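Written out below as structure tokens is the structure these notes cover.
Virtual Cβ from ideal backbone geometry, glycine too; neighbours counted across all protein chains shown. Numbers and lists here come from the model and the stated rules, or from a named source; no laboratory instrument gave them.
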Amino acid sequence: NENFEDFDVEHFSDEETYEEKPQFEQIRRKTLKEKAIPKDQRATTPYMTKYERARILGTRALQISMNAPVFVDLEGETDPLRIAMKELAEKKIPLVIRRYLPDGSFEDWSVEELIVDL
Amino acid sequence: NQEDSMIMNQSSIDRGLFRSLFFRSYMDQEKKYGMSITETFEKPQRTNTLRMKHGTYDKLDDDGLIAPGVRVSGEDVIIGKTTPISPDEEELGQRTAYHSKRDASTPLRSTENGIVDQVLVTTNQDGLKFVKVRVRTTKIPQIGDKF
Amino acid sequence: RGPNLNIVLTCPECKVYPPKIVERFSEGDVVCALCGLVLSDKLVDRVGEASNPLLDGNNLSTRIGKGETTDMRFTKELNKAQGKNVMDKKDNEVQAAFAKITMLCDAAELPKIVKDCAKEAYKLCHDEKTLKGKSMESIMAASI
Amino acid sequence: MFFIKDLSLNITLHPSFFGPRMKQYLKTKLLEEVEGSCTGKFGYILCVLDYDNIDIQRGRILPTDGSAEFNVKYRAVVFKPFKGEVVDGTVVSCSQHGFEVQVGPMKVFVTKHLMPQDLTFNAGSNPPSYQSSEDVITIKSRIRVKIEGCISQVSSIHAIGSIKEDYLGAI
Amino acid sequence: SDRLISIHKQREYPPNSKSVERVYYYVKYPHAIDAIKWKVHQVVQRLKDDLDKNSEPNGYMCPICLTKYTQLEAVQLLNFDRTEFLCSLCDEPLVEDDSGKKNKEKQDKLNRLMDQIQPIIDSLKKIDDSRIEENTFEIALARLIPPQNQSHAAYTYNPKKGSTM
Amino acid sequence: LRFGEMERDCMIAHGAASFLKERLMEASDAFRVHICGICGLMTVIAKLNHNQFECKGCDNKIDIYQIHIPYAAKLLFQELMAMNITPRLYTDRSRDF
Amino acid sequence: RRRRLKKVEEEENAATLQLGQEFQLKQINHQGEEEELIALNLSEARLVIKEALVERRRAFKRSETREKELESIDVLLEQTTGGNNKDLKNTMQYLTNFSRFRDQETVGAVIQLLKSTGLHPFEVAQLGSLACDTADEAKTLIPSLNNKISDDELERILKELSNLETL
Amino acid sequence: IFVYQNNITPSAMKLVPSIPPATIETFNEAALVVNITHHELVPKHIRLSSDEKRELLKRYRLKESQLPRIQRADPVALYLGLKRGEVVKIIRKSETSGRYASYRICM
Ligand SMILES: [Mg+2]
Ligand SMILES: [Zn+2]
Ligand SMILES: [Zn+2]
Ligand SMILES: [Zn+2]
Ligand SMILES: [Zn+2]
């Protein structure tokens, strides 16, 4: 065992403190074709979020690292993430984002039409 | 030396500033569970002993103990102990009738290394032989030692 | 007799029997020594109680004791219930004889190996037809 | 029994097949493990009908694998056996336990307890056959057999045949 | 457990005041005959279901692993030679069980059970054509014969007030 | 190394869902277990060499799904079955959002 | 939709018309509507699959006795179907050997002759598959025909189909 | 609306629920000395109509239970005479956006 006087705080261990005080629809149904919000009435932002950017870059890099076809010309680029960022720079990623609204409905936004402002 | 770091002279370290000895003692005993199921301090062999540790055994002597003075490295066996097993089994594929014992040896710590300083053979209160092996190493101060 | 149910770790590429197997405990892998192909990964190297199946056999029993908040009538009733068990009467008397072995050895300041040897000597010589009419003290002293 | 049914299959495309003509790799990949594939829920799938239009909708990328998941809906001809149905076939193998008859793409075993007692095994014949007072059951012989018990796993279907009923047996 | 004898938990007050909660053993005739009827009907139904299971073909059982294998699962475990059925675990050629050979034996066991139980069913035929009075502890005391003189069990029943079970 | 509860909270606040999944599954304990569609229990006998699946009781062999859960989750579910609780796992929704 | 276990059901038996919940008479197609279950007799199945194969051959190009037909369908399978064609080849030789009707005209007029029966598609497919010669033989071969068709109508249908079968 | 002085006999509470659509609201005089709505901590509560509530649930794709709640004993709820299932549009001053419209449903 060990015997050290340097006090190290036991993390994730609030159960000692817990035990000290123990007493005191209308528009869409099922999974039909109605669930997709059509393109003309999509109400979400046309900007591609930081999470959308991170997951598109990760997915595209995972594909490029698994010998997917690359739709941009390489300038000697080797890292799949940098190839993915070059594809995202000139909008050659053939993916879409299914943005789930809280009621289960979704909008399909293509990566091509989303604006990369960040 | 920012945020409670310090810069300590390498030349002074070379000349013995804050150099320290470190001793770690390893205890082991052979215990008689029954009649034939008893442990034995001996140097095990791969031909007749099961589940040998992949560290070396060449530094052991005939009594299963390393002599004082011998340099040891990580995961090297310093105390050799064997216990008998039930014959005619089938475990791990590499099991034969030759394997009448299994390895109960005591290796060195994987990160540790040093010099065997003193090996002490004696008997406990029960009369069972038990050994104590002291390994000496030196901690030369380096980046990350707390002062 | 019975099913095999045995797993042998043979390299599917070297095809050499007996296989040269190195158990990498540090990396949690079982690999073939000749070619380096792993065979079983995520190998397993406290929570229960120690039990030697040579001294008291495969007997698994737990006792009932006072807790943090415990009414004594429930404990007394459960102790009387557990005492009135018929299938472990032989286990009860061999445990009583083991307790007498330990009490006689401790009163003599005999070491632990003497207690273990005397207990296994009692257990091997227990329930023998040739040893039935002798007194308990004889079995005590001869086992010691 | 042969049927035409609309089926949906979840197909994973490796990212290497994300080419300009991904749909034809997807259709071929639909072909080689559905044509002749055996599924216990729908029977032995024989041929994918109506190839020119097949319902290939938008495929989902698996979040950790990177492969695209397409739920391809298609119409295919199947062969699902049932108990209590009468199918004709040809014997392809024989033994003392019984004989196996090939029905469509599937082999059905007829056990030794499910022939009439006049039929008995004759291993001395080349090929070994089942001989009776009025007929023989040899290899490459037409025989009418009723399926009275069938077991289907997730990918394998096996059935028990019998010819003990009248108006059954060799044809 | 077979409801042939019912128990009464009456305690009385003998003149020596050393009372104990004695138990009275007696018979509830309609409950007992219903239990007998249910037991014999379940016996013959279980024997008929065992006969039906014996009507199923023999199947197989691997002697090394001691696991049965029906005829349906034998076909999924046949060899490449289409000649023998091999075990899933032992990889041993399956041997035939005896589901059907003993079917006539089970039927003859049922026949030898049926004529032996025939007086029981005759008695139930005569009972079903008649009316059975539901006796209880009080009713059974009417035809009571005491067995011994110094009986500590006082057969006089004591009704109570407040018991609403 | 302990990837504790509040480390998981920091990764939640970052929004890195796949890294959190990789820490909890591919870095600690990734277990493949089979369930049937009828009862959500993990009582499916799988013989992958023979490609045979079966859940006794439901007596189904064609409605089996494999899932990837932590081995601690499998242990939790089996312990809940030991406490006479059924943690039935299903691969399809039943009610709207 | 309810989450009941609903594990109790009768076994799939062709005699009792129970072919499973995925083999009811009404089938929902991919375009949505309920449509009648399609059961093919062996000649009908051979004609449908051969039509599908020659359609695939025509698509690939743009992008009678049993002996001369077996080689033709074999080379059609080789030029049309790729791997895992062993089951398909066994099916095609099976449908060639057990072919009651050769050309499309016989099969289609057999369908419109059996549509006058108004019976179940499965049993008329069995009637187009099995070559029964007497009405009671078809009754004991197909138990669904019991109390379903008149004996004289069944007799005339079977002897008609005997006249319809060629080669 | 009944405005009493100190208290009501509890045997009159059983007849306070009358035949629909008549609703009876009892208020204490001491509880009504000061209008609570004029307090600076109390924002403007505006009761929504049935069509306004339907449009609110449709545009946010909400259910009845997914809205924030206000209990049918809240002093503002009793002030507005809220019935169960009614939605108030709460408009409050926001230090980050000036005006912030919230919605609470009467449970
Ligand atoms: Mg610090
Ligand atoms: Zn190897
Ligand atoms: Zn076996
Ligand atoms: Zn189940
Ligand atoms: Zn297992």
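Some observations on this one:
- Some residue of the stretch D:23-42 being surrounded by fewer than 21 Cβ atoms within 10 Å (Cβ to Cβ) and assigned to a strand (DSSP E or B): yes
- When residues of the stretch C:5-21 are limited to those that are over 30 Å from E:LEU66 (Cβ atoms) and either surrounded by 15 or more Cβ atoms within 10 Å (Cβ to Cβ) or under 30 Å from the mean Cα position of the chain (by Cα) (or both), the one farthest from the other protein chains (Cβ to nearest Cβ): C:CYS11
- In the stretch F:48-65, residue farthest from the chain's Cα centre (by Cα) [restricted to those that are within 14 Å of ligand 4 (Cβ to nearest atom) and surrounded by fewer than 12 Cβ atoms within 10 Å (Cβ to Cβ)]: F:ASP59
- Taking the criterion of being assigned to a strand (DSSP E or B), of a type outside the set (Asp, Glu) and more than 8 Å from ligand 2 (Cβ to nearest atom), the residues of the stretch C:27-37 that qualify are C:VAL30, C:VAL31.
- Which numbered condition A:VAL96 misses (of (1) under 19 Å from D:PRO15 (Cβ atoms); (2) of a type in the set (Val, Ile, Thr); (3) surrounded by fewer than 16 Cβ atoms within 10 Å (Cβ to Cβ); (4) touching a strand residue (DSSP E or B) at 6+ places or on another chain (Cβ under 7 Å)): (3)
- Test: residue in the stretch C:110-117 that is outside any strand (DSSP E or B), within 14 Å of chain B (Cβ to nearest Cβ), away from ligand 2 (no atom under 16 Å from the Cβ) and touching a strand residue (DSSP E or B) at 6+ places or on another chain (Cβ under 6 Å): yes
- Taking (1) closer than 26 Å to D:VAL101 by Cα; (2) basic (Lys, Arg); (3) part of a helix (DSSP H, G or I) in turn, G:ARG100 satisfies each apart from (3).
- The number of residues in the stretch H:28-43 that are farther than 11 Å from H:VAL3 by Cα and either surrounded by 11 or more Cβ atoms within 10 Å (Cβ to Cβ) or of a type in the set (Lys, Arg) (or both) comes to 4.
- Residue identified as within 16 Å of ligand 3 (Cβ to nearest atom), more than 14 Å from chain D (Cβ to nearest Cβ) and not acidic (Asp, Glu) among E:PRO119, E:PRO159, E:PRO63: E:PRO63
- Some residue of the stretch B:68-88 being on the phi > 0 side of the Ramachandran plot, among the acidic types (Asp, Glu) and in contact with a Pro (Cβ under 7 Å, 6 or more places away or on another chain): yes
- E:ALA74 falls short on exactly one of the conditions (1) in a helix (DSSP H, G or I); (2) more than 16 Å from ligand 3 (Cβ to nearest atom), and that condition is (2).
- The stretch G:21-57, residues that are part of a loop (DSSP other than H, G, I, E, B) and of a type outside the set (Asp, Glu): G:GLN21, G:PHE23, G:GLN24, G:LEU25, G:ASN29, G:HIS30, G:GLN31, G:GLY32, G:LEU37, G:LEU40, G:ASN41
- Subset of the stretch C:9-26 (residues that are aliphatic (A, V, I, L, M) and either away from ligand 2 (no atom under 14 Å from the Cβ) or not in a loop (DSSP other than H, G, I, E, B) (or both)): C:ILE21, C:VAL22
- Residues in the stretch F:47-97 that are touching an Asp or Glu at 6+ places or on another chain (Cβ under 8 Å), outside any loop (DSSP other than H, G, I, E, B) and farther than 25 Å from G:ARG1 by Cα: F:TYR71, F:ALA72.
- Filtered residues of the stretch C:37-85 (kept if farther than 30 Å from C:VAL114 by Cα and within 14 Å of chain B (Cβ to nearest Cβ)): C:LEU39, C:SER40, C:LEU43, C:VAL44, C:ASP45
- Tally of residues being more than 8 Å from chain D (Cβ to nearest Cβ) and within 23 Å of D:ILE56 (Cα to Cα) across the stretch G:29-50: 5
- Output for the stretch D:131-171, where each listed residue is buried (at least 18 other Cβ atoms within 10 Å of the Cβ), over 25 Å from G:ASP87 (Cβ atoms) and within 14 Å of chain E (Cβ to nearest Cβ): none
- Given (1) assigned to a helix (DSSP H, G or I); (2) basic (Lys, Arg); (3) surrounded by 15 or more Cβ atoms within 10 Å (Cβ to Cβ), index of the condition E:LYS53 fails: (3)
- Residue match in the stretch E:5-21 (condition: part of a loop (DSSP other than H, G, I, E, B) and surrounded by 15 or more Cβ atoms within 10 Å (Cβ to Cβ)): yes
- Residues that are over 19 Å from G:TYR94 (Cβ atoms) and more than 8 Å from every other protein chain (Cβ to nearest Cβ) are absent from the stretch D:99-110.
- Applying the condition of being within 13 Å of chain A (Cβ to nearest Cβ) and surrounded by 14 or more Cβ atoms within 10 Å (Cβ to Cβ) to the stretch H:44-59 and asking which residue is nearest to H:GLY98 (Cα to Cα) yields H:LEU56.
- Which listed residue, of B:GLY16, B:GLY34, is over 30 Å from B:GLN94 (Cβ atoms) and not aromatic (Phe, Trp, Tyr): B:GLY16
- Single match in B:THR138, B:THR111, B:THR83 (criterion: assigned to a strand (DSSP E or B) and either crowded, with 16+ Cβ neighbours inside 10 Å or in contact with a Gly (Cβ under 7 Å, 6 or more places away or on another chain) (or both)): B:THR83
- Of all residues making up the stretch B:1-43, the number that are within 14 Å of chain C (Cβ to nearest Cβ) and of a type in the set (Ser, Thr, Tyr): 3
- In the stretch B:86-106, the qualifying residues are those that are assigned to a strand (DSSP E or B) and not polar (S, T, N, Q), and the one that is nearest to the other protein chains (Cβ to nearest Cβ) is B:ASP103.
- When F:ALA16 is tested against (1) away from chain A (no Cβ under 14 Å); (2) more than 16 Å from ligand 3 (Cβ to nearest atom); (3) surrounded by 13 or more Cβ atoms within 10 Å (Cβ to Cβ), exactly one condition is not met: (1).
- Residue check: A:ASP14 meets all listed conditions (1) within 14 Å of chain D (Cβ to nearest Cβ); (2) surrounded by 10 or more Cβ atoms within 10 Å (Cβ to Cβ) but one, namely (1).
- Matching entry among E:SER151, E:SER130 (being under 24 Å from E:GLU21 (Cβ atoms) and of a type in the set (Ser, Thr, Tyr)): E:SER151
- Taken as a whole, the condition of being in the same structural domain as G:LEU119 (by CATH), in contact with a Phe, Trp or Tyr (Cβ under 9 Å, 6 or more places away or on another chain), over 30 Å from F:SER94 (Cβ atoms) and of a type in the set (S, T, N, Q) applies to G:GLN79.
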